[PDB]
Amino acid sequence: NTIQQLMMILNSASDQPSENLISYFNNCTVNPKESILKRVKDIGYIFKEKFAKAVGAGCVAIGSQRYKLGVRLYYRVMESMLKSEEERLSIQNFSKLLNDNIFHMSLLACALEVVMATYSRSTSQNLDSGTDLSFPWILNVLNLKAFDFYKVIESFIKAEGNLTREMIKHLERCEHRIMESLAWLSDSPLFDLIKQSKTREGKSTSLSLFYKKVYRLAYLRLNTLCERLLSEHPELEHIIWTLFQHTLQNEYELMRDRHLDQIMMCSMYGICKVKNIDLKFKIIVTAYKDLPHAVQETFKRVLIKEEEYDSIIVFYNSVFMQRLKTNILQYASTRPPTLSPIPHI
């Protein structure tokens, strides 16, 4: 769809929300009109000033333009979603949704990420050096958490059918980044959601959905490393997958401030270790570099205890294995842990 399509639509679009969007606002128990308009304006002084401080005053006009198109995208997708939702569950109100500041901050942030990313390289011009505001940047700007942001991505994508394949991919990668580390940082509401679940059952569709995507991503990466390093032993992987899967779910504190991939690599090693299969970390670490995520910092600088970081090998020996020693050994035991279902589709 002409790589310029959506941006074309956006450039043509009006700055004020449509008669129909305003109509959704007027049918809410609590009118969100004023809040959404003010938020748009407030986040505007903030996005524009932070953006300008990223690229410079000579480029003030570009921040405004990024913002303008992002807000148009915001209203556009918002309206799209409300129609899909009205249709989905025939209701028409939506006060609960439209009055949720977090929802609105995530739609906006996601819309700003699209406009931002499509013009990335162009913005990267007149930028250069150690100031390349990739993705987490936009979250940093709106004081918005990665776990919240992630909640709008799949929906945002299904709501804007004119996203370039290039934009679709970027949004997808953003969600992957969240899943691999951003969502597990100590400032992440995910931990309040988890603890809530471990405690009082029921609720949180967002956590259930989060994990579904983590497991899928987790397995995919795991499977890639196995196809490369463990062709000789196919029975592994499923066993490695089980420890990996069991660990994220029941040993999630291991993930706090750490990386999905660190737990993955440590799962592979540990299981090969008890199953008497070579596999040095040196090997694992080398294949890992073949993964779309893969950066060296991830196995070179691993959180140990305090703000103390060390090699992934130190993490494995001092924390990982020490924390999971007995579980790992159960895999080589007479009654092996029931294998965990491989994530599908």
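Numbering starts at 1 and follows the sequence shown.
J.: Name the higher of the two by mean Cα B-factor in the PDB entry, 90-98 versus 213-221.
T.: 90-98 has the higher mean C-alpha B-factor.
J.: Do the CA atoms of 58-66 or those of 31-39 have the higher mean B-factor in the entry?
T.: Of 31-39 and 58-66, the stretch with the higher C-alpha B-factor average is 58-66.
J.: Can you pull the Cα B-factors for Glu253, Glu180, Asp128, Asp148 from the entry and say which is highest?
T.: Answer for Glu253, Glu180, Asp128, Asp148: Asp128, with the highest C-alpha B-factor.
J.: Compare the CA B factors listed in the entry for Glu235, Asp187, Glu160, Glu79 and report the winner.
T.: Top of the list by C-alpha B-factor: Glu235.
J.: Could you look up the Cα B-factor of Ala332 in the entry and say which third of the chain it sits in: lowest, middle or highest?
T.: Highest third.
J.: Taking the C-alpha B-factors as the PDB entry records them, is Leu279 in the lowest, middle or highest third of its chain?
T.: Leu279: CA B-factor falls in the highest third of its chain.
J.: Using the B-factors in the PDB entry, rank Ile313's C-alpha atom against the chain and give the third, lowest, middle or highest.
T.: Bottom third by C-alpha B-factor.
J.: Looking at the temperature factor on the CA atom of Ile240, which third of the chain's modelled residues does it land in?
T.: Its C-alpha B-factor belongs to the middle third of this chain's values.
J.: Going by the entry, which third of its chain does the Cα temperature factor of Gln249 land in?
T.: Within its chain, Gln249 is a middle-third residue by C-alpha B-factor, going by the deposited values.
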